[PDB]
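Visitor: Structure of the sequence below:
(4 chains, ligands or ions: 1)
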Amino acid sequence: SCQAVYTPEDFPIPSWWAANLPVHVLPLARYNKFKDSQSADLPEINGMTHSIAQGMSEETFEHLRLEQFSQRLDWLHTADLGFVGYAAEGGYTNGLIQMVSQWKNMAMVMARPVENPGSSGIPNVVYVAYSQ
Amino acid sequence: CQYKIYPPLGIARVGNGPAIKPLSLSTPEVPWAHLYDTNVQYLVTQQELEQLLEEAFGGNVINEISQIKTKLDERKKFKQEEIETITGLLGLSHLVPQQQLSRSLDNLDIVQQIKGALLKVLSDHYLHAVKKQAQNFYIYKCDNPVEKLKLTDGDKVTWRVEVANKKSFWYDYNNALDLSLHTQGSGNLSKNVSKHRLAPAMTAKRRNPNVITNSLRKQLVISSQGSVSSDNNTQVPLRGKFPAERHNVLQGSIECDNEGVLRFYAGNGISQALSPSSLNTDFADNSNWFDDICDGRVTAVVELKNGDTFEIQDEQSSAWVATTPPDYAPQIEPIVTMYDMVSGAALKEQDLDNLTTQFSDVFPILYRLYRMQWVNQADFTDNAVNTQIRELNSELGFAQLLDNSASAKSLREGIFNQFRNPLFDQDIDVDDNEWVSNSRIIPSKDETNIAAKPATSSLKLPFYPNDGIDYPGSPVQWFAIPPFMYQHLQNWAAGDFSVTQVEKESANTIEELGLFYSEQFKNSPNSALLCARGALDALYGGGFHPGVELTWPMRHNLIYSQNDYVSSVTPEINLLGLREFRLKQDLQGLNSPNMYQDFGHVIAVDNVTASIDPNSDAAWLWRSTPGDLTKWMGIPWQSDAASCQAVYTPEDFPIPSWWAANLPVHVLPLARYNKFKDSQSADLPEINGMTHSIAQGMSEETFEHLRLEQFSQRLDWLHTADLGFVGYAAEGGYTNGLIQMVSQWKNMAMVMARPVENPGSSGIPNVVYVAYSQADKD
Amino acid sequence: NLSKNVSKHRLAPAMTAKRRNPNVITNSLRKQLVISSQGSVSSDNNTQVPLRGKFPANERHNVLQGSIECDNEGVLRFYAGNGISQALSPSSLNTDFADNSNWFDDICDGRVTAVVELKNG
Amino acid sequence: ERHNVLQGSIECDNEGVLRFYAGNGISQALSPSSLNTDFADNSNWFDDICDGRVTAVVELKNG
Ligand SMILES: [Mg+2]
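Guide: Numbers count the residues shown, from 1 in each chain, chains lettered A, B, ... in the order given. There you are, the coordinates:
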């Protein structure tokens, strides 16, 4: 029950207690797609093949990092709270019901480093949501 | 062979905007005509309402008002008679009810607050309204269409249209019956699906099953008809009844201009149950409901001054028309379209190795998939092919994809290998024969607390569901581009394709070649065949569960009386070609003896099988009568549009989406647009939602960063209006979405191209596509 | 039991039917959905023997499918289960008259054989 | 938008008796989707129940 409370106006989205029960989080999936720099010595860089990552201009590389960083995921979607599967109802009530079992699977936010933000605008410390 | 109508299958889309030309849209007659037109207005604007009212106020009107006030001051409010006469010379009775026009003035530079009062009446009814997308039909002379009919004085064309809606009469939609139909395979569907039982067709019961006997079931069909011709431009409504208290159903409106062009408008998008308590909780099959969707027969008679009359009404020369849901992103083309289904329908699967390929044949696949980033999150931030295209654009390197030589082969294969094979025989493990995908499945909502089997194979593209969604572990759960399009991609990958040099010289970026290909369409001389293709290129061609506009009968050549390749778009650039095709028609139309045919208590794949023989008691299924094309779709259509969104998996990304190109899933709200469209140099008191002081006081690098963060915030399309999720302790949910959509379809966000004048180094493109609604503007 | 006319005149056509518990894929995994057990009793001892299985089969739930005993006269008496039905998760509700995923019950059926051993060998 | 509500009908007979009829029993929500699931309190609903003031004036032949 402790999440967003939508108004007829889309923004800003009101939230109850986001600091302890977050509402929009930065998932590990996105962290793994901005944490690297273009020079990284990895066969995969930010979810791209080495060659594609280093083939693009530095402008477009950092841009891609920032877009990934900007993707926030509804915290209620970090576990199956009744919205998963074809034709699923989801909804407020199923959230309440499913949270009894799924509370232990919800995303847990932890500080994580970005060693070389370069020009991208991503701070050296980011706060990342870890779930399955 | 004298005269023929075009397009052979017109499309008009419902909307609550008025059925007048200045406030309507026109179905595309040339593909790719306005893909970057940043001036489009798909919602009725304040400005259009003002100039609609201005043109109605051109004297006579004004001094005939001067003279009414000469009789207003020898009395010194209005009179019932002078009221209903300023109305009537303005001629707005066809737009808004007359007594609200009247009541608007009775409750009251004389000029001004007559307009001020009526403009607020128009605004209240039509401001931000979804404009109707109307279809123009044209008479072409042939002998092979030469050019549009030339109406000299003495001549006249008389159009006839008969339409019906049989949704309430027909059968449930569970899944596509042809999934089990025995076949050799076509260009649209591989024989593997039926051969290996990958998505077996389900039986389906009657909708509204409590209405019994065929004669009482005829009340469930809405039908209407009308005629117009060159000598009168009066619009005539196609009004039926449901059932046939009883409610009037405006199925559409027809009008013909002095030069003989028929314009077809669809209904206003009004769906309704016979009782308020009947809720539309299922995605397709809801008893007690009707909607104003229709489809029917289009014929004409040309009568010359010479006394020579030409009846246009055989299936070779007549046309059809179908109304559909609105197109909420008209510039965003579906990856596989209805036109592509027409093209594949005439092909045989195992003869696909004889197909020949140009780059312009594979270009639409990558182009469409690339542009899906404006309506679907996965294709914005989770599509490695779209990212690689960005990488190539970044270095002006897109032209390498047009290189058919060995040196580019590894580059072409890496893209092609990410695409799902419509043979549906990859990423599977045979169970003994059952084919079980070893890639990512889309589970049923009926869950079972037993650990899922780990996928061993990556999920292929595109990331959309498909006709077999009902079957966890079927490869047909996910969408694949159809066999003939996949054959083009296979040939491209191997190098078996050609391309002109001038194509290579406009291919530095995908956007550059897209414009080149668009102007190829526009400068193509075959306007009749271009208009035929334009009518279907914006429609969806899969998956069909049941789809958005039309569904699975269209991907079979049996439903066309003729379907022939005619030529390339340009003498040397195919661009998937131009075809001549007509639907099979019952020439008796609404008086057909098969107008109310069915298969008894259920329809099944066995009925579809029997219908193959052109001489069976089931072959009527393919000889369409009015209402036959849309009867398969969900009733009311809003229930199916509201279930046309994301289908989430246990894995968060990518988020699968059914048909994002026409019913968007993740969009860029106007609210964000107003927060990145400005440059730091702008001199307004608010720049990108910031005070002038704050915006200009930050480093330019930080300014650009804020632009792109805004640009990157994509909103759930279901959230652009109140679909039951708004308010403290609101339930939201799937079902409330279907219910609310009945009235909220007309408030959902409409995506329109918009310009970014000076994006600087922000990384935001010069043309963006922005979703407009009342909730997402600020 | 059933006249020809029902099928011949399509009075109540059969419907297609999907798999129960459809998210469990592959025959090997679907074997876990079957609960089975067996047992043997003889006339030399009347001690009752439970027919106890497990769902899912190889947290798992013990399912008593029945109990069997044999008296000294050679009569086998077969008892059914206790009536215990259950879902793998408490939130899984059995809202369809017949098809509810994530549920198991203790109903069963199976094979009854025997061996007779006379004193002469 | 906006619905007519027949709250009742009145009539007087030549002998001066006033006869008050009630409404037709029409209840309705401002939108079909608004369902009256609570026994007393349902928003967006109206009915044609009423109650009010009953007055009269007696005017004789002598004025
Ligand atoms: Mg579109």
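Visitor: Which part of chain A gets nearest to chain C, residue-wise?
Guide: In chain A, no residue comes nearer to chain C than residue A:97, which is 5.1 Å away by C-beta to the nearest C-beta. Yep, even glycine has a C-beta here, placed from its N, CA and C like the rest.
Visitor: Contacts made by the host helix or strand of that residue with the rest, please.
Guide: Assigned by DSSP states H and E, residue A:97 falls within helix A:91-102. Applying C-beta atoms under 8 Å, 6 or more residues apart in numbering or on different chains, the set of residues contacting helix A:91-102 from outside is A:1, A:3, A:76, A:79-83, B:729-736, C:89-91.
Visitor: Can you mark which positions in it are buried?
Guide: Taking 16 or more other C-beta atoms under 10 Å in any protein chain shown as the neighbour-count basis, helix A:91-102 is seen to contain the buried residues A:91, A:92, A:94, A:95, A:97, A:98, A:99, A:102.
Visitor: Let me see the contact set for residue C:6.
Guide: If you count contacts by C-beta under 8 Å, 6+ apart, residue C:6 has them with residue C:12.
Visitor: Can I take it that it is in a helix?
Guide: Yes. Read with DSSP: H, G, I helix; E, B strand; the rest coil, residue C:6 is one of the residues of a helix.
Visitor: how much space between it and residue C:13?
Guide: Relative to residue C:13, residue C:6 is positioned 9 Å away (criterion: C-beta to C-beta, to the nearest Å).
Visitor: Tell me the residue in chain A that is farthest from the middle.
Guide: residue A:55 (26.1 Å; C-alpha atoms, centre = their mean).
Visitor: for that one, what are its contacts?
Guide: The contact partners of residue A:55, taken as C-beta under 8 Å, 6+ apart, are B:391, B:392, B:395, B:397.
Visitor: Between those, which sits nearest chain D?
Guide: Relative to chain D, and with distances defined as C-beta to the nearest C-beta, the nearest of the contacts of residue A:55 is residue B:391, at 48.0 Å.
Visitor: Am I right that residue A:67 falls within a strand?
Guide: No. With three-state DSSP as the criterion, residue A:67 is located in helix rather than a strand.
Visitor: Chain neighbours aside, what residue packs nearest to it?
Guide: By the measure of C-beta to C-beta, 6 or more residues apart in numbering or on different chains, the closest residue to residue A:67 outside its immediate chain neighbours is residue B:712, 4.6 Å from it.
Visitor: now the one you found: how far from residue B:612?
Guide: Counting by C-beta to C-beta, the gap from residue B:712 to residue B:612 is 51 Å.
Visitor: now swap in residue C:11 and tell me
Guide: When residue C:11 is compared with residue B:612 (using C-beta to C-beta), they lie 26 Å apart.
Visitor: all helices for the chain, in order.
Guide: All of this refers to chain A. If you assign secondary structure with DSSP state H, the helices in chain A sit at A:28-31, A:50-55, A:58-69, A:91-102.
Visitor: The intended chain is chain C.
Guide: All helices of chain C, identified by DSSP H, fall at C:5-8, C:27-30.
Visitor: Number of residues surrounding the residue of chain A found nearest the ion?
Guide: For chain A, the nearest residue to the ion under the criterion C-beta to the ion is residue A:10, separated by 21.9 Å. Close neighbours of residue A:10, defined as other C-beta atoms under 10 Å in any protein chain shown, add up to 23.
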